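For neighbour counting, all protein chains shown are included, and Cβ atoms are generated from backbone atoms with ideal geometry for every residue, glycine included. What follows draws every value from the coordinates through simple rules; no lab data is involved.
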There are 2 protein chains.
Amino acid sequence: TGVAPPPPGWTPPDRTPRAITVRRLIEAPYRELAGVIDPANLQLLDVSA
Amino acid sequence: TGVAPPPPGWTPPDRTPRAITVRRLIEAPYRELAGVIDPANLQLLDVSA
């Protein structure tokens with residue numbers, strides 16, 4: 001025959017999870033602990049926490 | 001007639017909740033309270049808790 005069938009099917013999504021390339025680790029300063037931890041528990045926190 | 005109709009219908013699931021036969025009550029030791037209660041509130045807990 002002359003005609004040919006082209007690819008178009010469903011084109012499944014390519015989820016295939018990849019590893020994260022951009023990232024970072026940090027230490028939480030007192031600013032967040034002040035606003036996310038209640039005073040009663042915060043005051044008992046030692047300086048080395 | 002000669003042939004007879006057999007039971008098969010839908011066979012509904014028998015959920016019909018039953019009472020629990022095996023069970024127990026216990027007192028939580030300090031091990032779990034240490035890991036589930038923050039130090040600030042834990043330190044204020046009396047010995048009789």
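Here are the numbers:
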item: Inter-probe distance in nm under a simple model that places probes 7 Å from Cα toward Cβ, at B:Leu42 and B:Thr16; result: 4.8
item: Cα principal axis extents for chain B, largest first, Å; result: 84, 20, 14
item: Dipole of chain A, positive direction: furthest Cα of A:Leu42, A:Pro29, A:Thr1, with charges on the beta-carbon; result: A:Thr1
item: Dipole magnitude of chain B about its Cα centre (Cβ charges: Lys, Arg +1; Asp, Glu -1), debye to nearest 20; result: 340
item: Kirkwood-based Rg to Rh ratio, the protein assembly as shown, C-alpha trace; result: 1.35
